[PDB]
Structure formats: C-alpha cells, structure tokens
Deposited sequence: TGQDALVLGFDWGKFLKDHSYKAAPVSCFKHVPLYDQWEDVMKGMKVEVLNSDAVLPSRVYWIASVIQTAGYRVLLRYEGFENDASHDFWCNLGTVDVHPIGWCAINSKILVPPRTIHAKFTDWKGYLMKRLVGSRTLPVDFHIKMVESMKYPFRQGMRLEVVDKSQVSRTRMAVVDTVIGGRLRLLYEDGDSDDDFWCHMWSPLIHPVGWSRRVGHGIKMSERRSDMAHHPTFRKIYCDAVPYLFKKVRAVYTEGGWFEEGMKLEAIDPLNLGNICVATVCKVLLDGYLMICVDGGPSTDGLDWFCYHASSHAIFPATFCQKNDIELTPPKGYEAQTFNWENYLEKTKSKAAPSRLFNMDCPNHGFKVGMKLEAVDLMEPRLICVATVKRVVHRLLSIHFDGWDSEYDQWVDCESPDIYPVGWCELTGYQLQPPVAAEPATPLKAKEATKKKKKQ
C-alpha cells in the first residue's frame, strides 16, 4: 500500500479534480499522432480482466468513458451506469487490443467477478452492445512500435548550442535515446555534463553546420545532416533582416521573459544572431521572435532593457528601425490548445525534467506553460508546435519519469 511508491498518477489526479487534458492531436511530434482519435468516447476494446483468479490470464471487453491524452478511462462491459470500477488504460500498452484479438489468439473472455452474476447469456449481451460499435485499428500497436524507431543512436556526434555560452555551439555525443528525446554528452566535460532535448530541437545541428553558416563554435561517427529536422523555407517580398533591426524575442536564458532585442548578425540559410539589449541563434522562421509591439498589443509583459518603456521613444533614442512585420511568421493555425488544459512539459531550464503542467495563456501560436505547484517565475513561453510539450500519458507511454506537481527536488 504505502510501500509501493510508483510516482505521479494522472488517474488519481484527474479523478479528484475534473480537468481537461490537451488531446493527442495537438502535438505533431508524438507517437500515435496519425492513428489518433480513431480513439474516443464509446470505442470498445479487449483488455485484461484484472479481477480474475488464474494467470494464464483472461480478458473482457471495455468501453471508453473519457480520454485524457493517451490515457483512456474504461468501463468493463456489463457495469452499465455503475462507474465504481472504471480504470485508466494507456493506449500504448500491450494488453489493450481490438475486438477479435482473443479469438485469433486463442484467449478467453471472462466476465469480472464483480458483475459476473448479472446475466447468464453474456455472449448475447455482448453481441447487442457491440452492434454498430468501433474498435482499435488493426496493427495499432505494431504501427506505434514502428514509429518509435528513431534515427539517432548512441555514439552519434553532432553540434549543440553551448548551455554555458549560448553564442557558440560545441561538440556532443548521443548517449541515450528515449521516445525521440536525446541525452547528449559534451565532448570536453562529463560525466554529469549533459544536455537533454528533443531530436527535432532547434539547438542541435550536424557536424560542420556552425562553420558553413558563420555561427561561433567552441572547438572544431557523425550524425548525417539528413537525420535533423530541416527548417521551413522563408519567402520574402523586398529585403531581409539586417544587422541593427529591433524586435522582440523569448529570452533563451529566461523563457518566462519576452524582451526588447536586436539583430546582431545575419548568417546563411535564414539564421540570425539576436541579442537581448550574449548573442543567441534563432532561425527567421522561429516562433520565438516577434516584431516590435507584439507584447503591448497581445497583453504580454514586455521585459525592457536596463531599465517606462515606449517603442517609438526607444527607436528614436537608439537611432534605430524595427524589423518590418512582414518578415515574421505570426499566423495562428487552429491548434486546439485551450487555457486550463493539462499536459506534460519539459522544464526548459532543466530539460532532463518533464513535469505536470497547464496551459496558462494561448496568444495566437504561443502558449504560456505553468508547472503546477511552482511559482509563476517558472512559467515558460513556448510555440504551440514545440517538440518539448507532450500529452498526458506520454511519460508513461515512453517509460520516462514524470515530475509531480509539487515544489520539491526529484
């Protein structure tokens, strides 16, 4: 009872408290993403009968009551309105199947002991309930394992942004790969000098990239450039960004702050060095940069420089121009994030941690993420397509540890 401390349980959390989880279809980088909301209220599955007596184990049919990311709340067939034995099932587990699997696999359907005496004719009860029903896709689990083969492997070398000096890259080696997240070890430190990120992270690049584009590098098998997420083509009418133009940018050393910034250098391939006004590289397609006045116009606190800030007044004092709004991609796809929705988020200041979190703001494309239990100084601005946010059940699906929603060490 007390002795089995397995860590944060979303089921307990979301049973006490009526929360909505952001659905799987919100997150493009994640497994099951395409095969998704094939799942929803009322779908039937064959699942382990857990109130059985005898493994060689037995199965029973259950139906989706509610969804919470990858997790579904199931009710065994025959409980009807009795919610008292509803249980969560993560859809990436091996013991959930389509209707039909037992028969193919020479297994047996046995009612739960709880309700077994409700009917004699269980088989015809089930036939009536199953008419016109839907079930899991065939190959569901197969297709999932297949999408969870990743091209980054232990021992591939690459260039990563230097966490101690964000103006240069440094050499790092892949140590661990789990669900598309990477643990990188830095070639000139270690053993506890690492860096976690997603494999689509804007912070990593194939060896030789920094040199080709003009990014500073600490020091001069190699992950092949094909392995990396390539950036959106940017089309412009008229000129491009230029050294000196002013804008607003998420501070990469404080993701809670969007700041007054400057273009410091135009690199090749649409990459820019920007500084808060220590240089940091964003691609021009980056959702972490915005034109002057974006904060004021959207009800975000703009972090001014050292030290009442007004854009026109600033541009006059500094003898400067704002980057034209035409250069930015500000759009808003109908992403489906809503204020209040729960999810699992990387703590970007300490990215080995993935934590229970909440959407606190949706500002077109930008979410403000709050880590439940923690002060607002820990909140983070991220793009709605960030590879660093995950649905409910992702940590469970990939076997990663999820931090509970309390202010303590892990």
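Absence of C-alpha coordinates is noted for several segments of the deposited sequence, namely 1-2, 223-238, 296-303, 334-337, 441-456.
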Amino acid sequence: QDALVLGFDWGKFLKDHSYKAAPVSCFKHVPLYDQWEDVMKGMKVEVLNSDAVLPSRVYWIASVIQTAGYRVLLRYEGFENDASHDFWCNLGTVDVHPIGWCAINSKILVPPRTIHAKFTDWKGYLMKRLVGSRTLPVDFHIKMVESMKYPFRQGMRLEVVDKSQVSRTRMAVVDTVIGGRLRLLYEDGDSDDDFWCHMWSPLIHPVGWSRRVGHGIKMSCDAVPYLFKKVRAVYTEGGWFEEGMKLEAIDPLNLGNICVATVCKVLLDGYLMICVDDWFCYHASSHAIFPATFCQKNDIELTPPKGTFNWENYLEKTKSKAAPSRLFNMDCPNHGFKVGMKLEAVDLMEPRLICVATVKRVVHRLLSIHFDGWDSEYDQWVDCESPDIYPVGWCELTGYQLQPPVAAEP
From here on, numbers count along this sequence of modelled residues.
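311-319 and 114-122 differ in mean CA B-factor, and the higher of the two is recorded for 311-319.
When the mean C-alpha temperature factors of 222-230 and 181-189 are read from the deposited coordinates, 222-230 comes out higher. Take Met330, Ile289, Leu73, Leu130 and read off each C-alpha B-factor from the entry; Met330 has the highest. The PDB entry assigns its highest CA temperature factor, among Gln165, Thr176, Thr93, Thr293, to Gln165. In this PDB entry, the Cα temperature factor of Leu4 sits in the middle third of its chain's modelled residues. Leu54: CA B factor in the highest third of modelled residues in this chain (values from the PDB entry).
Split the chain's modelled residues into thirds by C-alpha temperature factor. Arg365 is in the highest one. In this PDB entry, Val39 carries a Cα temperature factor that places it within the highest third of its chain's modelled residues. Annotation for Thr398: CA B-factor lies in the lowest third of the chain's modelled residues.
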